[PDB]
6 protein chains.
Amino acid sequence: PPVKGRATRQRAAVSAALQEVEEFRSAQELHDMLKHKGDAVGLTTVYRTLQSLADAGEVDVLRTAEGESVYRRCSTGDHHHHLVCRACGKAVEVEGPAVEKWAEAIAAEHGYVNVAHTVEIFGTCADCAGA
Amino acid sequence: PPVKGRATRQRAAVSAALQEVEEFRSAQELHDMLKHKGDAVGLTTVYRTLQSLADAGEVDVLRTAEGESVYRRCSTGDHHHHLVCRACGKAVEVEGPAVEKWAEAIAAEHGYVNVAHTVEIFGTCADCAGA
Amino acid sequence: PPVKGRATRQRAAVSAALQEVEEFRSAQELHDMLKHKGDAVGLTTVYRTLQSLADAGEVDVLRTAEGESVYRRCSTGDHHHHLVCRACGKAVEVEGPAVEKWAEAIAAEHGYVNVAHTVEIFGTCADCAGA
Amino acid sequence: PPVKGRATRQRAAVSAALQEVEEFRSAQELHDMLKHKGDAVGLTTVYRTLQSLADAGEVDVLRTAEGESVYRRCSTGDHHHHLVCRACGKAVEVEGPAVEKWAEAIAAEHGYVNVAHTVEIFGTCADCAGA
Amino acid sequence: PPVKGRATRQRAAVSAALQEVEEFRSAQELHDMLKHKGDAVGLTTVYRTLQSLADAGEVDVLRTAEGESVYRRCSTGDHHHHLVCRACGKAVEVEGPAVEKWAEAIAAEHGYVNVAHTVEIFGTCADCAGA
Amino acid sequence: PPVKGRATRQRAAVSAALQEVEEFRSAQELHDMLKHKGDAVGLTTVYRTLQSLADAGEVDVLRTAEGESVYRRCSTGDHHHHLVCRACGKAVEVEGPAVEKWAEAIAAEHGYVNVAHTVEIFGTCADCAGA
DNA sequence: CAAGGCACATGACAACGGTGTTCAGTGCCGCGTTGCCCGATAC
DNA sequence: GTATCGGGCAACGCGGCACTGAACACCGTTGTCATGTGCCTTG
Ligand SMILES: [Zn+2]
Ligand SMILES: [Zn+2]
Ligand SMILES: [Zn+2]
Ligand SMILES: [Zn+2]
Ligand SMILES: [Zn+2]
Ligand SMILES: [Zn+2]
Ligand SMILES: [Zn+2]
Ligand SMILES: [Zn+2]
Ligand SMILES: [Zn+2]
Ligand SMILES: [Zn+2]
Ligand SMILES: [Zn+2]
Ligand SMILES: [Zn+2]
Ligand SMILES: [Zn+2]
Ligand SMILES: [Zn+2]
Ligand SMILES: [Zn+2]
Ligand SMILES: [Zn+2]
Ligand SMILES: [Zn+2]
Ligand SMILES: [Zn+2]
């Protein structure tokens, strides 16, 4: 995840930390794992780099029911939606043409110019149910 | 509009206020409008009664980009998704079995036990462009 | 270290954490320890509670070489000075009237009204020197 | 105050500015003084030249209450401690064998190998009261 | 001059300072002027707010021969060009349709998709010669 | 390309290197190209030669957005303004009496004594879109 | 004597990291008060 | 004796004041990258 600013070791460390992890992790916990791993970057830098990466579109952002935001470096750059587990944080990418066609169908039948669809699916894993 | 607690004029007034207004209103602006009406109900009471109504399912909730939660009552008790306009706030009840089938198919494919879908689409209103 | 305002759990947790340890620690290290202990207190509130305690005189504030302010709940409530080991963080309680008398002597000789001595003896332990 | 680097007019100007004034002044205020005097030297160069002098020992570094580090050129070459008035900024150098004796006694008693002591006393001078 | 961020006294002060001045001023010169006016905002926030205002398009950015950029608020919102006096910093709004027409003519004859025109005339102030 | 200094093969090689090239290159890139050719000329001498040529008037300079100044030998000695591409960088000499006449007209009607104007326009190259 | 040419230095802008404001929502003890039930009492 | 009604009393309600916490804004200090001196050497 390259950052559009001038190359520096804090950006490199944050990008590598996103690369290693594949789960939706908040800014605070991401800073916590950076702190305990040894890179030792600040928290406002984590905010700033994550926000810039989200603006550039390198990582996808999700809003949890609590009110915080969580980040993750998706494997595919194509537009997709996510299946997430609150108990584990695991996310898998899913794409469906049917929901897209429904979206523009509804937009056309209401006559709106352009629309933005936010579809998030939340579920519990079968392994999580097992104890 | 029955509530879990004992009926009172304050909760009756807030239920009526939700009845007339058909737009997403946050708790603060709802309280301001109610005070403008003249009932002068406490803000914390409005907060807790809105939370109770949302829990009971009579009122649907939506988390905006800023973070404040907006509340209004939907005429149809059946499950549906709401279309919203930022420039107007108009809300229309839209339902489609296709997204339900897509979500349940993904849940069956990935072995998740039970899932909940939160599908919200944001678009630009038709008359907003006209000026 | 009771707080002037209403007692609450987010402040009782901070007080308990301060009473638990003896080393100097900043608000952000203390916040991490509080979080990983299982209390989940916000950082701004940790900062505010430490500021209030230091204003009331319950805790002793100190600035490291780098300039970040650290705190500690000391056993003795009387006038005292601290011996610190930056490699280990243990603080030793030492008090001397000679430096006080020197302070009044210098103030009287140079005619100053009031005096505030900031005396701090940094050091390295014999055990620390051993490898 | 010779500077470790090659002789240049930027170093000469910063050294002359340090020599002219007798009050503890920060790097940001020293730069403004130089800018008004006609030097036209950049701020980063002032920062790094003051650091070079500080590690060279030719200047005495100090920290203000709010965290900014201030500097002053003291003519006395022997070890000494400073008495500074916050309202005026005027500083008078003082020295007392009592603090050295106490530091040596504490180091001997508690077994610390080597120590470093910081002793600064803050007070208001006579002219502050006069008005 | 509102800023895209939350309203604060630092942004208010920098906006008022830009409103008062009629000549081009850099970031460091404006910071010095605003420091001597007594508002005392930092230089970093001056940089950030000026870049935010330039991005919003409220102020005009001009690069001098030395390479530094100078900002000034222009009352006329319509696109125009500037005539400046490097001896004073004065600016007078000026516009010409012939240059713009030549711009699309040259772009079309060489088939460039879109173009941007940077025309800046540097002149000697009328009263500068008089002495 | 005569040089104000004594003729030597450093200046000869620099003049030749500017001779074959037709694209705008900064001094560091020109030095890298010359080193690749194997002449092994110092970078400070490269600067000195380029500023000497610019003062003499053989070459023309424009300043990039980042701040780098690029030198190029224009075939036409007459005063003209250059169109350059963001990526391709090809330069075409375009001149128009209209902009000049505008410049002296404004200088006269505002009474400016003498004016030094710079005209440079940026645009997206024709074949850049084609891929 | 002057140009060549290193090593090290410079200065406007970008980037960093400990602390501090915002502003929508939560916690708690002071009250009122609905609601029931027994006491009195009219019949 | 049977009867409705009033009042005591509890167990819930309201509700203003102080507190909270994730996100955004801050000021002093350090870093990046293209260009500029001090000083030694050779034509
Ligand atoms: Zn994604
Ligand atoms: Zn799971
Ligand atoms: Zn989609
Ligand atoms: Zn609904
Ligand atoms: Zn649905
Ligand atoms: Zn609309
Ligand atoms: Zn203590
Ligand atoms: Zn003492
Ligand atoms: Zn130790
Ligand atoms: Zn001194
Ligand atoms: Zn001493
Ligand atoms: Zn004084
Ligand atoms: Zn303008
Ligand atoms: Zn124009
Ligand atoms: Zn002028
Ligand atoms: Zn040319
Ligand atoms: Zn021209
Ligand atoms: Zn091109």
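A chain's residues are numbered here from 1, following its sequence as written, a convention that may not match the entry; residues for which no coordinates exist are omitted. The naming scheme follows written order: chains are lettered A onward, ligands numbered 1 onward. The side-chain values count all of the structure's non-hydrogen atoms but skip hydrogen atoms and water molecules. Residues with missing side-chain atoms are left out of burial classes, side-chain pairs and their counts.

For this entry, the PDB record names cryo-EM as the structure determination method and reports a resolution of 3.4 Å.

K.L.:
Which residues make up the interface of chain C and chain D, and what values go with them?
P.N.:
Taken residue by residue, the interface counts 31 residues in chain C and 30 residues in chain D. Buried area counts how much accessible surface, traced with a 1.4 Å probe, disappears from two parts once they are put together, with both parts' losses summed. Taken over both partners, the interface formed by chain C and chain D buries close to 2,700 Å², and the fraction arising from carbon and sulfur atoms is 67%. Whenever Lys or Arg places a side-chain nitrogen within 4 Å of a carboxyl oxygen from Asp or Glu, that contact is recorded as a salt bridge. Counting across the chain C and chain D interface gives 0 salt bridges. Polar contacts, as counted here, are pairs of nitrogen or oxygen atoms within 3.5 Å of one another; within protein the pair requires one atom able to donate a hydrogen and one able to accept it, and residues that are adjacent in sequence qualify only if both atoms are side-chain atoms. Between the two partners, chain C and chain D, sit 7 residue pairs in polar contact. Secondary structure elements are defined from DSSP: runs of H or I of at least 4 residues count as helices, runs of E of at least 2 residues count as strands, and each element is numbered from the N terminus. Secondary structure elements with two or more residues in the side of chain C that touches chain D: β4 (81–85), β5 (91–94), α4 (97–110), β6 (115–123) and α5 (126–129) of chain C. Tallying contributions element by element places β6 of chain C first for the side of chain C that touches chain D, with 9 residues. By definition, residues are in contact when any of their heavy atoms lie within 4.5 Å.

K.L.:
How would you explain the UniProt feature "binding site: Zn(2+) 1" (unreviewed entry) in chain A if you had to name every residue and give the values?
P.N.:
Residue and element names in this part refer to chain A. When the UniProt feature table is mapped to this numbering, "binding site: Zn(2+) 1" (unreviewed entry) covers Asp60, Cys74, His80, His82 and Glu93. Maximum C-alpha separation among the annotated residues is 11.2 Å over a sequence range of 34 residues, consistent with a single clustered spot. Topologically, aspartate 60 is positioned in strand β2 (residues 60–63). Residue placement: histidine 80 occurs in the loop between β3 (69–72) and β4 (81–85). If near-sequence neighbours (up to four positions away) are discounted, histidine 80 is found in contact with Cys74, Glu93 and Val94. At a separation of 2.4 Å, a polar atom in the side chain of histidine 80 contacts the main-chain carbonyl oxygen of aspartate 78. UniProt positions are given in the numbering used here, feature names are shortened, and annotations may be inferred rather than shown by experiment.

K.L.:
Quick one: what's the story with the protein's contact with DNA strand G, residue by residue and with numbers?
P.N.:
Proximity criterion: a residue is near a molecule or strand once any of its heavy atoms comes within 4 Å of it. Close to DNA strand G lie 47 residues, the nearest being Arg6 and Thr44 of chain A, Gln28 of chain B, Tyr47 of chain C together with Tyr47 of chain E. Among all atoms of DNA strand G positioned within 4 Å of the protein, those belonging to sugar or phosphate total 68%. A distance of 2.9 Å is found between a sugar or linking oxygen of DNA strand G and a side-chain nitrogen or oxygen belonging to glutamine 10 of chain A. At 3.1 Å from a phosphate oxygen of DNA strand G is found a side-chain nitrogen or oxygen belonging to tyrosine 47 of chain B. With 4 residues, helix α3 (residues 43–56) of chain C is the largest single contributor of residues to the surface near DNA strand G.

K.L.:
Any details on the domain arrangement of chain A? Residues and values, ideally.
P.N.:
Residue and element names in this part refer to chain A. All the domain ranges listed were derived from an automatic or database domain assignment. By domain assignment, chain A separates into domain 1 (1–79) and domain 2 (80–131). Across the boundary between the two partners, domain 1 contributes 11 residues, which contact 14 residues of domain 2. Note on domain 1 versus domain 2: buried area summed over both sides is about 1,000 Å², and carbon and sulfur give 50% of it. The tally of links from domain 1 across to domain 2 stands at 0 salt bridges. Scanning the region where domain 1 abuts domain 2 turns up 5 residue pairs in polar contact. We call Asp, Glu, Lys and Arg charged. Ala, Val, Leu, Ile, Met, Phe, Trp, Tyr, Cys and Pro are nonpolar, and the rest, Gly among them, are polar. The residue makeup of the side of domain 1 that touches domain 2, split by class, is 3 nonpolar, 3 polar and 5 charged.

K.L.:
Describe the arrangement of the chains, naming the residues involved and giving the relevant values.
P.N.:
In this assembly chain B lies apart from chain C, the nearest approach of their C-alpha atoms being 18 Å. Considering only C-alpha positions, the minimal separation of the non-contacting chain A and chain F is 12 Å.

K.L.:
Residue-level account of the interface of chain B and chain A, with values.
P.N.:
Taken together, the contact between chain B and chain A spans 28 residues of the former and 34 residues of the latter. With both sides pooled, the region where chain B packs onto chain A buries about 2,700 Å², and carbon together with sulfur makes up 68% of that total. Broken down residue by residue, the surface that chain B buries against chain A is led by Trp102, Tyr112 and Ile121 of chain B, which jointly contribute 25%. Put simply, chain B and chain A have 0 salt bridges between them. If you look at where chain B meets chain A, you find 6 residue pairs in polar contact. Elements represented by at least two residues in the side of chain B that touches chain A include exactly β4 (81–85), β5 (91–94), α4 (97–110) and β6 (115–123) of chain B. Per element, the largest residue contribution to the side of chain B that touches chain A is 9 residues, and it comes from β6 of chain B. In terms of residue class, the side of chain B that touches chain A is made up of 17 nonpolar, 8 polar and 3 charged. At least two DSSP bridges between two strands are required for those strands to pair. Strand direction decides the pairing type here: strand β6 (residues 115–123) of chain A and β6 of chain B, joined by 9 bridges, are antiparallel.

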